[PDB]
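Enquirer: Structure supplied as start25.pdb; contents: PDB, C-alpha atoms and all ligand atoms.
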ATOM      1  CA  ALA L   1     -77.235  37.436-211.567
ATOM      2  CA  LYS L   2     -73.588  38.680-212.143
ATOM      3  CA  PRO L   3     -72.007  39.663-215.458
ATOM      4  CA  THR L   4     -70.086  36.675-217.012
ATOM      5  CA  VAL L   5     -68.373  36.346-220.358
ATOM      6  CA  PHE L   6     -68.607  32.770-221.618
ATOM      7  CA  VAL L   7     -65.517  32.026-223.740
ATOM      8  CA  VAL L   8     -66.167  29.119-226.119
ATOM      9  CA  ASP L   9     -62.955  28.414-227.976
ATOM     10  CA  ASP L  10     -61.240  25.030-228.387
ATOM     11  CA  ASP L  11     -57.843  26.638-228.065
ATOM     12  CA  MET L  12     -56.052  26.761-224.732
ATOM     13  CA  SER L  13     -54.135  29.911-225.999
ATOM     14  CA  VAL L  14     -57.575  31.503-225.997
ATOM     15  CA  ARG L  15     -59.645  30.084-223.079
ATOM     16  CA  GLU L  16     -56.892  30.752-220.538
ATOM     17  CA  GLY L  17     -55.652  33.999-222.155
ATOM     18  CA  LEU L  18     -59.132  35.434-222.400
ATOM     19  CA  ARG L  19     -60.160  33.974-219.060
ATOM     20  CA  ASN L  20     -57.269  35.929-217.648
ATOM     21  CA  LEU L  21     -57.578  39.208-219.615
ATOM     22  CA  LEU L  22     -61.300  39.540-218.920
ATOM     23  CA  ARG L  23     -60.720  38.749-215.211
ATOM     24  CA  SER L  24     -58.056  41.454-215.227
ATOM     25  CA  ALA L  25     -61.088  43.592-216.200
ATOM     26  CA  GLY L  26     -63.862  43.032-213.628
ATOM     27  CA  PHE L  27     -65.552  40.061-215.346
ATOM     28  CA  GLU L  28     -66.171  36.556-214.168
ATOM     29  CA  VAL L  29     -65.254  34.066-216.919
ATOM     30  CA  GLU L  30     -66.686  30.701-217.810
ATOM     31  CA  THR L  31     -64.692  28.685-220.248
ATOM     32  CA  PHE L  32     -65.717  25.790-222.496
ATOM     33  CA  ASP L  33     -63.622  24.056-225.175
ATOM     34  CA  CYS L  34     -66.680  22.827-227.050
ATOM     35  CA  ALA L  35     -70.163  24.178-227.890
ATOM     36  CA  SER L  36     -72.111  21.241-226.516
ATOM     37  CA  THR L  37     -70.636  21.397-223.047
ATOM     38  CA  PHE L  38     -71.722  25.044-223.205
ATOM     39  CA  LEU L  39     -75.283  24.230-224.268
ATOM     40  CA  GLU L  40     -75.532  21.840-221.311
ATOM     41  CA  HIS L  41     -74.258  24.300-218.607
ATOM     42  CA  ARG L  42     -75.955  27.335-220.171
ATOM     43  CA  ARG L  43     -78.623  28.834-217.955
ATOM     44  CA  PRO L  44     -80.617  31.162-220.251
ATOM     45  CA  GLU L  45     -81.635  33.202-217.237
ATOM     46  CA  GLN L  46     -77.984  34.246-216.522
ATOM     47  CA  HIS L  47     -76.716  37.638-217.723
ATOM     48  CA  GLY L  48     -73.652  37.914-219.956
ATOM     49  CA  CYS L  49     -71.757  37.865-223.257
ATOM     50  CA  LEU L  50     -70.760  34.870-225.318
ATOM     51  CA  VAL L  51     -67.317  35.068-226.968
ATOM     52  CA  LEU L  52     -67.353  32.323-229.575
ATOM     53  CA  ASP L  53     -64.840  30.798-231.959
ATOM     54  CA  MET L  54     -66.338  29.802-235.376
ATOM     55  CA  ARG L  55     -64.453  26.618-236.168
ATOM     56  CA  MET L  56     -64.635  23.998-233.436
ATOM     57  CA  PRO L  57     -64.818  20.251-233.105
ATOM     58  CA  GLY L  58     -68.480  19.238-233.459
ATOM     59  CA  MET L  59     -70.961  22.103-233.509
ATOM     60  CA  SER L  60     -69.351  25.084-235.180
ATOM     61  CA  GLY L  61     -69.819  28.631-233.806
ATOM     62  CA  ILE L  62     -72.575  29.190-236.304
ATOM     63  CA  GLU L  63     -74.296  25.887-235.489
ATOM     64  CA  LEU L  64     -74.199  26.683-231.775
ATOM     65  CA  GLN L  65     -75.743  30.039-232.543
ATOM     66  CA  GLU L  66     -78.516  28.206-234.439
ATOM     67  CA  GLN L  67     -79.432  26.309-231.240
ATOM     68  CA  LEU L  68     -79.411  29.342-228.955
ATOM     69  CA  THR L  69     -81.717  30.916-231.495
ATOM     70  CA  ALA L  70     -83.897  27.777-231.653
ATOM     71  CA  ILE L  71     -84.453  27.812-227.838
ATOM     72  CA  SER L  72     -84.914  31.611-227.805
ATOM     73  CA  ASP L  73     -81.823  32.173-225.633
ATOM     74  CA  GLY L  74     -80.701  35.614-226.721
ATOM     75  CA  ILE L  75     -77.226  35.765-225.237
ATOM     76  CA  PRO L  76     -75.556  38.326-227.589
ATOM     77  CA  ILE L  77     -72.729  36.724-229.573
ATOM     78  CA  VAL L  78     -69.299  38.216-230.294
ATOM     79  CA  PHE L  79     -67.798  35.775-232.798
ATOM     80  CA  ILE L  80     -64.055  35.410-233.351
ATOM     81  CA  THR L  81     -62.799  34.282-236.759
ATOM     82  CA  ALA L  82     -59.469  32.776-237.789
ATOM     83  CA  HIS L  83     -59.677  32.790-241.630
ATOM     84  CA  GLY L  84     -60.319  34.822-244.797
ATOM     85  CA  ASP L  85     -61.762  31.997-246.949
ATOM     86  CA  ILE L  86     -65.146  32.177-245.040
ATOM     87  CA  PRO L  87     -67.561  35.159-244.716
ATOM     88  CA  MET L  88     -70.229  35.091-242.016
ATOM     89  CA  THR L  89     -73.824  34.934-243.148
ATOM     90  CA  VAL L  90     -76.710  37.430-243.174
ATOM     91  CA  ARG L  91     -78.533  34.940-240.931
ATOM     92  CA  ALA L  92     -75.425  34.785-238.659
ATOM     93  CA  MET L  93     -75.282  38.553-238.617
ATOM     94  CA  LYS L  94     -79.086  38.750-238.010
ATOM     95  CA  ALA L  95     -78.868  35.954-235.410
ATOM     96  CA  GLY L  96     -77.777  38.489-232.828
ATOM     97  CA  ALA L  97     -74.082  38.843-233.617
ATOM     98  CA  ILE L  98     -72.646  41.943-231.973
ATOM     99  CA  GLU L  99     -69.318  41.883-233.744
ATOM    100  CA  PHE L 100     -66.788  39.752-235.609
ATOM    101  CA  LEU L 101     -63.147  39.907-234.455
ATOM    102  CA  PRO L 102     -60.264  38.241-236.341
ATOM    103  CA  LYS L 103     -57.712  36.032-234.601
ATOM    104  CA  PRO L 104     -55.542  37.238-233.112
ATOM    105  CA  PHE L 105     -57.389  40.437-232.287
ATOM    106  CA  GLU L 106     -56.814  44.024-231.187
ATOM    107  CA  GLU L 107     -57.370  43.356-227.424
ATOM    108  CA  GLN L 108     -59.146  46.728-227.218
ATOM    109  CA  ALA L 109     -61.784  45.755-229.837
ATOM    110  CA  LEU L 110     -62.565  42.479-228.056
ATOM    111  CA  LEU L 111     -62.916  44.589-224.918
ATOM    112  CA  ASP L 112     -65.040  47.123-226.926
ATOM    113  CA  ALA L 113     -67.263  44.286-228.252
ATOM    114  CA  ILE L 114     -67.788  42.438-224.958
ATOM    115  CA  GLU L 115     -69.013  45.658-223.321
ATOM    116  CA  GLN L 116     -71.381  46.530-226.179
ATOM    117  CA  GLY L 117     -72.637  42.967-225.792
ATOM    118  CA  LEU L 118     -73.096  43.176-222.053
ATOM    119  CA  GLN L 119     -74.903  46.530-222.345
ATOM    120  CA  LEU L 120     -77.373  45.032-224.852
ATOM    121  CA  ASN L 121     -77.924  41.829-222.839
ATOM    122  CA  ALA L 122     -78.793  43.832-219.731
ATOM    123  CA  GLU L 123     -81.189  45.971-221.825
ATOM    124  CA  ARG L 124     -82.909  43.020-223.528
ATOM    125  CA  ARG L 125     -83.028  41.514-220.001
ATOM    126  CA  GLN L 126     -84.633  44.506-218.173
ATOM    127  CA  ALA L 127     -87.239  44.817-220.966
ATOM    128  CA  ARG L 128     -88.402  41.283-220.203
ATOM    129  CA  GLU L 129     -88.445  41.245-216.380
ATOM    130  CA  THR L 130     -90.164  44.613-216.534
ATOM    131  CA  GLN L 131     -92.803  43.588-219.090
ATOM    132  CA  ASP L 132     -93.256  40.263-217.313
ATOM    133  CA  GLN L 133     -94.064  41.808-213.899
ATOM    134  CA  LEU L 134     -96.334  44.269-215.712
ATOM    135  CA  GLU L 135     -98.350  41.162-216.758
ATOM    136  CA  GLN L 136     -98.079  39.416-213.391
ATOM    137  CA  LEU L 137     -99.861  42.515-212.013
ATOM    138  CA  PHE L 138    -102.481  42.431-214.751
ATOM    139  CA  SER L 139    -102.922  38.680-214.174
ATOM    140  CA  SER L 140    -104.169  39.266-210.624
ATOM    141  CA  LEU L 141    -107.246  41.052-211.980
ATOM    142  CA  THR L 142    -110.482  39.101-212.130
ATOM    143  CA  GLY L 143    -112.840  39.224-215.121
ATOM    144  CA  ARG L 144    -115.316  41.670-213.594
ATOM    145  CA  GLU L 145    -112.415  43.948-212.642
ATOM    146  CA  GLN L 146    -111.000  43.743-216.203
ATOM    147  CA  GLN L 147    -114.320  45.087-217.523
ATOM    148  CA  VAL L 148    -114.144  47.919-214.952
ATOM    149  CA  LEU L 149    -110.604  48.815-216.093
ATOM    150  CA  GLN L 150    -111.398  48.716-219.820
ATOM    151  CA  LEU L 151    -114.276  51.141-219.068
ATOM    152  CA  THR L 152    -112.478  53.565-216.745
ATOM    153  CA  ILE L 153    -109.412  54.191-218.896
ATOM    154  CA  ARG L 154    -112.028  54.995-221.582
ATOM    155  CA  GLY L 155    -113.191  58.033-219.562
ATOM    156  CA  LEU L 156    -116.424  56.913-217.907
ATOM    157  CA  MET L 157    -117.570  57.917-214.419
ATOM    158  CA  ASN L 158    -118.603  55.632-211.545
ATOM    159  CA  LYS L 159    -122.338  55.918-212.179
ATOM    160  CA  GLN L 160    -122.150  55.466-215.967
ATOM    161  CA  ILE L 161    -119.955  52.332-215.647
ATOM    162  CA  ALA L 162    -122.571  50.965-213.289
ATOM    163  CA  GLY L 163    -125.454  51.920-215.596
ATOM    164  CA  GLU L 164    -123.281  50.131-218.167
ATOM    165  CA  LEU L 165    -122.569  46.880-216.353
ATOM    166  CA  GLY L 166    -125.777  46.791-214.336
ATOM    167  CA  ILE L 167    -124.045  46.835-210.962
ATOM    168  CA  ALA L 168    -124.252  48.928-207.789
ATOM    169  CA  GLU L 169    -122.278  52.156-207.996
ATOM    170  CA  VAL L 170    -120.712  51.076-204.689
ATOM    171  CA  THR L 171    -119.580  47.841-206.415
ATOM    172  CA  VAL L 172    -117.614  50.017-208.840
ATOM    173  CA  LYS L 173    -115.965  52.094-206.080
ATOM    174  CA  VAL L 174    -114.656  48.773-204.716
ATOM    175  CA  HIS L 175    -113.775  47.310-208.079
ATOM    176  CA  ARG L 176    -111.764  50.399-208.967
ATOM    177  CA  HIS L 177    -110.347  50.561-205.453
ATOM    178  CA  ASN L 178    -109.110  47.029-206.029
ATOM    179  CA  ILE L 179    -107.655  47.441-209.495
ATOM    180  CA  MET L 180    -105.555  50.374-208.190
ATOM    181  CA  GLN L 181    -104.229  48.105-205.446
ATOM    182  CA  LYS L 182    -103.508  45.070-207.606
ATOM    183  CA  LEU L 183    -101.800  47.290-210.223
ATOM    184  CA  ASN L 184     -99.884  49.301-207.535
ATOM    185  CA  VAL L 185    -100.991  52.642-209.063
ATOM    186  CA  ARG L 186    -102.302  55.563-207.009
ATOM    187  CA  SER L 187    -103.350  57.962-209.746
ATOM    188  CA  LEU L 188    -105.655  57.679-212.720
ATOM    189  CA  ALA L 189    -102.737  59.052-214.736
ATOM    190  CA  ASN L 190    -100.638  56.016-213.969
ATOM    191  CA  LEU L 191    -103.538  53.622-214.549
ATOM    192  CA  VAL L 192    -103.811  54.796-218.170
ATOM    193  CA  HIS L 193     -99.991  54.526-218.618
ATOM    194  CA  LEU L 194     -99.611  50.921-217.358
ATOM    195  CA  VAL L 195    -102.761  49.974-219.285
ATOM    196  CA  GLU L 196    -101.321  51.650-222.437
ATOM    197  CA  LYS L 197     -97.800  50.227-221.940
ATOM    198  CA  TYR L 198    -100.029  47.113-222.084
TER     199      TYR L 198
HETATM  200 MG    MG Q   1     -60.787  26.773-233.000
END
Take the structure in the file and write it out as structure tokens.

Expert:
Amino acid sequence: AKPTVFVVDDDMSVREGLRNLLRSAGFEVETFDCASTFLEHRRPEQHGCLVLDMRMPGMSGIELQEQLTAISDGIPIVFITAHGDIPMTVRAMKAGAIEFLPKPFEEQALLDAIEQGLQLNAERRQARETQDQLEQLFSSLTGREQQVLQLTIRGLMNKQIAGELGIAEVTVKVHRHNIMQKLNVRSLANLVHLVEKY
């Protein structure tokens, strides 16, 4: 749905402050003062950025990240550190971290980061509802139709496909005429795009 930033910091200085700043910037805000609460009320199918403290009672920022990874939730993470005596990992950096901001932070860089995170979440999101519906469409094909696709996009003509499947040429006209309709294409050109964009 909407674009929310989920602030997960134990500190009231932060959860309120950020809740406020981000709201004074177009965003809804959902605040949690522990990771596990978050995990419970997280709905993977809900667009947004996660702004996440690293040191927290219970599951640390990193450990929370490890779960989101484990359940293939890809909410981009913008971590926020407090200390020098700990460097983030290569796994933490690979585990979809957008940015690391120190506490307290240049309010413009947080703002920078949360955008960059939102942009990427909406991109990783489109490229999954797009490619899903492009496989809902392909699902609706039967098995005889799927042989008539895999032969057409290969360049064959009605008669040859027939004299290649041992069916009536008229069967093929209908088979093709159906494929086009299931797949919502109206031009051979498209057919071979969809079918290539698998
Ligand atoms: Mg903390």

Enquirer: Kindly compile the residues surrounding ligand MG 1 (chain Q) within 6 Å, counting only C-alpha atoms and all ligand atoms, and format them as number ranges by chain.

Expert: L: 9-11, 53, 55-56

Enquirer: Name every residue that the PyMOL selection byres (((chain L and resi 45) around 12) and not hetatm) selects in this structure, writing the answer as a PyMOL selection string with chains first and numbers rising.

Expert: chain L and resi 1-3+41-44+46-48+72-75+121-122+124-126+128-129

Enquirer: By how many Å are atom CA of residue L:139 and atom CA of residue L:171 apart?

Expert: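 For atom CA of residue L:139 relative to atom CA of residue L:171, the distance reads 20.5 Å.
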
Enquirer: What is the atom CA of residue L:19 to atom CA of residue L:77 distance in Å?

Expert: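 Computing it gives 16.6 Å between the two atoms.
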
Enquirer: Applying the PyMOL selection byres (((chain L and resi 162) around 12) and not hetatm) to the file I just gave you, which residues come out? Please list them as a short mmCIF file (atom, residue, chain, number, x, y, z; two decimals) with C-alpha atoms, in the frame of the given file.

Expert:
data_model
loop_
_atom_site.label_atom_id
_atom_site.label_comp_id
_atom_site.auth_asym_id
_atom_site.auth_seq_id
_atom_site.Cartn_x
_atom_site.Cartn_y
_atom_site.Cartn_z
CA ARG L 144 -115.32 41.67 -213.59
CA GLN L 147 -114.32 45.09 -217.52
CA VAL L 148 -114.14 47.92 -214.95
CA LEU L 151 -114.28 51.14 -219.07
CA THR L 152 -112.48 53.56 -216.74
CA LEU L 156 -116.42 56.91 -217.91
CA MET L 157 -117.57 57.92 -214.42
CA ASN L 158 -118.60 55.63 -211.54
CA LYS L 159 -122.34 55.92 -212.18
CA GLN L 160 -122.15 55.47 -215.97
CA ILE L 161 -119.96 52.33 -215.65
CA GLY L 163 -125.45 51.92 -215.60
CA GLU L 164 -123.28 50.13 -218.17
CA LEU L 165 -122.57 46.88 -216.35
CA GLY L 166 -125.78 46.79 -214.34
CA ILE L 167 -124.04 46.84 -210.96
CA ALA L 168 -124.25 48.93 -207.79
CA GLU L 169 -122.28 52.16 -208.00
CA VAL L 170 -120.71 51.08 -204.69
CA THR L 171 -119.58 47.84 -206.42
CA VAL L 172 -117.61 50.02 -208.84
CA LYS L 173 -115.96 52.09 -206.08
CA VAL L 174 -114.66 48.77 -204.72
CA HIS L 175 -113.78 47.31 -208.08
CA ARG L 176 -111.76 50.40 -208.97
#
